[PDB]
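Working notes, structure below.
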Amino acid sequence: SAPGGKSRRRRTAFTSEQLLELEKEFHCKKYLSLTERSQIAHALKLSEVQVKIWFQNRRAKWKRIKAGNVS
Numbered sequence: 001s002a003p004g005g006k007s008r009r010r011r012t013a014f015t016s017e018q019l020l021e022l023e024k025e026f027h028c029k030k031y032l033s034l035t036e037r038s039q040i041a042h043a044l045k046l047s048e049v050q051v052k053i054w055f056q057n058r059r060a061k062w063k064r065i066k067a068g069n070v071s
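All the letters of the sequence shown, read from the start, carry residue numbers 1 to 71 under the entry's author numbering.
What follows is the structure, encoded as structure tokens:
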């Protein structure tokens, strides 16, 4: 059963199916250089423009849980 979590701005036209590889690289390495980012982008059908903003999502995960503030 999926964990849900109703916060998601739809800002792209990718699918879980094209995303598989795009997440799979996190199991190879923690970082995707320009040459490396252009592999998956050219591996399926994706747009290196969108890849720029795809990284704007890579902070939400722990902030969902670590929803908290500073003095």
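Where is the CB? At the ideal position from N, CA and C, for every residue including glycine.
**Request:** Report the residue from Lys30, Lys66, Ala60 and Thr15 whose alpha carbon sits nearest the alpha carbon of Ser47.
**Result:** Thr15
**Request:** Under the assumption that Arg64 contacts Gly5 (Cβ atoms under 8 Å), give the Cβ distance between them as a whole number of angstroms.
**Result:** 6 Å
**Asked** Which class does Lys6 belong to by DSSP, given the choice of helix, strand or coil?
**Response** coil
**Item:** Burial state of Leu32 (16 or more Cβ within 10 Å)
**Value:** buried
**Request:** Output the residue ranges of the alpha helix (DSSP H) runs that lie fully inside the region 25-53 and measure 4 residues or longer, sorted by chain position.
**Result:** 34-43
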